[PDB]
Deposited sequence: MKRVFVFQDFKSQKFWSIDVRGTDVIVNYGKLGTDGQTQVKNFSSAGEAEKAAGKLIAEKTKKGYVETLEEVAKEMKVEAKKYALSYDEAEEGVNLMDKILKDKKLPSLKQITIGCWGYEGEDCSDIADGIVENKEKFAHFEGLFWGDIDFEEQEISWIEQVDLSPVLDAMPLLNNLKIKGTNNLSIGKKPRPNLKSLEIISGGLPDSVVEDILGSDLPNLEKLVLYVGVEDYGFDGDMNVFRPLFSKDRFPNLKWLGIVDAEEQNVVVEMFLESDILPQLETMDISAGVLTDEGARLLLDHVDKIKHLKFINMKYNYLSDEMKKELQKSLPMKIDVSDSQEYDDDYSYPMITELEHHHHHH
């Protein structure tokens, strides 16, 4: 019997189905709303086929694929899209906001990603203004990924943002907010009970951004991930600014907290351990930074405070293999200590 699975985020809107018939395992995959492709693999026996199918399924669900009724998946449509201006379109005089405002599938999308907006060094004012002036067309969005600009297009430290508080105000249904680039960025100081997830990717996170968060009310927030970055590109050097964020009173529903990509990553470990928010968390995110053995050490010296966590993300670190072995054996929950670097030590986005 065919089992259908679906994966959906800002970038992927696809399905994957598997069926075992005899000694053949039949896979069908593609973008939602299309027939997709088909792969058939023969096995020595029905037993090997079923065993193979089992591993594929387990792998897919581990990656986030959700089993879905075939009749439902069949009728599902792409509900996420990225709008970006190419260099050619710019030369042609194409206006990104016009590409967005024009799209007839715009009403059907639940998530939207804003990518490169120009090549003349302009900030994203036209985009912010355009959205604010057309709130009715964007009032329905539930997810926004603002600034999906790759390294090749322009380094993160060159992304020119604007005050996005008016844009967020025009999207009252947003529950997932992701922003990349922090130069001149702001999100205001307003209550935003609509937000469930907030992640800001930065090459150096200004204090103004943190203050906007501290000044905002996010009672229903469940995930908060902030890239610290370095002083050369925006960070002001004072790590104590993040401390007030570690408060259950401030984020009573927070499950995932992350202060990442910092030179002083070990300090973040201390913040977690001494915070009153830690008991409620499921995930401690201390990735992308210069997390050393003295940082991991703290965790091991306080297993009591963290043994309830479901995941500790330390992806990209400077741990020694001996420490990683210890962490592996001494910590009961899932942890990611991958991408260890060779122990000047720099943050992940500094590469």
Exercise for the section: Identify which parts of the deposited sequence carry no C-alpha coordinates, going from the N-terminal end onward. Expected result: 344 to 349, 358 to 362
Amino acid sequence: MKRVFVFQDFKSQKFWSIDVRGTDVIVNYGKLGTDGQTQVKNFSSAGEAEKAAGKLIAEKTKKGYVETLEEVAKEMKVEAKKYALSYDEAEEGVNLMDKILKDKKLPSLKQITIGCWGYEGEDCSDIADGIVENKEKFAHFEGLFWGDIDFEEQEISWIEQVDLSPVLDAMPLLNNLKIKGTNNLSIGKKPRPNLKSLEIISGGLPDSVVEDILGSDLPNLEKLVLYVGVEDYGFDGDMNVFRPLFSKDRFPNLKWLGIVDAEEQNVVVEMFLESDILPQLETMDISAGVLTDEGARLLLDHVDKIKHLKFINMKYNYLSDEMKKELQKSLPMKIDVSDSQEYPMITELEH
From here on, numbers count along this sequence of modelled residues.
Exercise for the section: State which stretch shows the higher mean Cα B factor in the entry: 169 to 177 or 97 to 105. Expected result: 97 to 105
Completion exercise
Comparing mean C-alpha B factor in the record for 316 to 324 and 24 to 32, the higher one is 316 to 324
Exercise for the section: Choose from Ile200, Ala139, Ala262, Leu185 the residue with the greatest Cα B-factor as stated in the PDB record. Expected result: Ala139
Exercise for the section: Tell me, please, which of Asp163, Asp217, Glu71, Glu231 has the highest C-alpha B factor according to the deposited entry? Expected result: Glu231
Exercise for the section: Name the third of the chain's ranked CA B-factors that contains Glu67, choosing lowest, middle or highest. Expected result: lowest
Practice task
Name the third of the chain's ranked CA B-factors that contains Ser275, choosing lowest, middle or highest.
Solution key: highest
Problem - Third assignment of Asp285 from its chain's C-alpha B-factors - result: lowest
Exercise for the section: Among all modelled residues of this chain, ranked by Cα B factor, put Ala53 in the bottom, middle or top third, i.e. lowest, middle or highest. Expected result: lowest
Completion exercise
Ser330: C-alpha B-factor third of its chain, per the entry, is the highest
